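Single chain ahead, written as structure tokens, the form deposited in one PDB entry.
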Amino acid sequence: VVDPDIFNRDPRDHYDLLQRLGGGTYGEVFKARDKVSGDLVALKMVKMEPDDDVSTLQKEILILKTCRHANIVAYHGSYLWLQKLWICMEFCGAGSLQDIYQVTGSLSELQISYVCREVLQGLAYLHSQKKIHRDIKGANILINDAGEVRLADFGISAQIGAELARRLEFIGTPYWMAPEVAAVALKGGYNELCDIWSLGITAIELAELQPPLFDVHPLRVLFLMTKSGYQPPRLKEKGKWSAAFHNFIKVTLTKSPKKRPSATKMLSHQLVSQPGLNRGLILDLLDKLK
């Protein structure tokens, strides 16, 4: 069973499907309207047929259903009907920051600062629940028509959670196992501070329209990160960005996770604590988009 609180009913009983927004491996996403309230929602639809593995989708719903924070996309339930699973969430009309910057070009430093503050608020909340997003990037940061910011797409987090559960189930007898082996099996080998690194990369992505080393073979990038002399990336254009932005990048991209600042600590950084960071900055961006 995918989730103990699934609605075993047709989502079209409650929603009018307005537009297919896209589709791919993850399934399809629709813009729909609540037939009673008139509110807009996003519906993510995925095939869910007998003997399919439910574990990843199970974990994705578990994450969404236990979040109640402005900067995490709101969850309105899931429907299982005729072997299709529909996950219902708050609608963000502008899509992702990647959808946006592919049209607008690079964001301003103030726009990036506001985005980073809102993402850090969401991350601090997730981490206080002992959740890890694990896929912070422009494509997974959504913007609604009011210029508000919501973290979404917990698919990678759910995949990891499901793999972690499978490796507990088949770990075997533990009595000869080294503690570090047990720790990797139960906890994964890293912690929530990976999200802070990913936010730093995302800030560069919003500034430059690509993450660092985007044109290097992915396996080479992985290898380079494991060398003892690996150097964190930087913003390319030194004069375009303030010292505060360069420092935000420096500290979020701290190589050692033992020394990398937490989300709460980062919320005190000059870049995201400065005045004038509000949704008007992103409404400006959406006006440029149109």
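Under this definition, the rigid core comprises the largest set of C-alpha atoms superposing within 1.5 Å between the forms. Residue indices: 1-based, along the sequence shown.
Here the subject shifts to the form deposited in another entry, a form of this protein not shown in this document.
Visitor: Let me spell it out: fit the two forms on their rigid core, measure each listed C-alpha, and pick the one of 96, 159, 71, 104 that moves 2 Å or more between this form and the one not shown. Which is it?
Guide: Shifted by 2 Å or more: 159 only.
Visitor: When the rigid core is used for the superposition, does residue 256 move between this form and the one not shown (threshold: C-alpha shift of 2 Å or more)?
Guide: No; residue 256 is a residue whose C-alpha shifts by less than 2 Å between this form and the one not shown when the cores are overlaid.
Visitor: Once the two forms are fit on the core, has residue 37 moved its CA by at least 2 Å between this form and the one not shown?
Guide: It does, since the residue 37 C-alpha is displaced 2 Å or more between this form and the one not shown after the core fit.
Visitor: Answer yes if the Cα of residue 236 shifts by 2 angstroms or more between this form and the one not shown on a rigid-core superposition, and no otherwise.
Guide: Comparing the forms between this form and the one not shown, which are aligned on their rigid core, residue 236 does not shift its C-alpha by 2 Å or more.
Visitor: Can you confirm the direction of the Cα distance change for residue 222 and residue 170 in that other deposited form, closer or farther than in this form, given it is 3 Å or more?
Guide: Relative to the displayed form, residue 222 and residue 170 draw closer in that other deposited form - a change of at least 3 Å between their C-alphas.
Visitor: Is the CA-CA spacing of residue 159 and residue 218 tighter or wider in that other deposited form than here, given a 3 Å or more change?
Guide: Compared with the form shown here, the C-alpha atoms of residue 159 and residue 218 sit farther apart in that other deposited form, by 3 Å or more.
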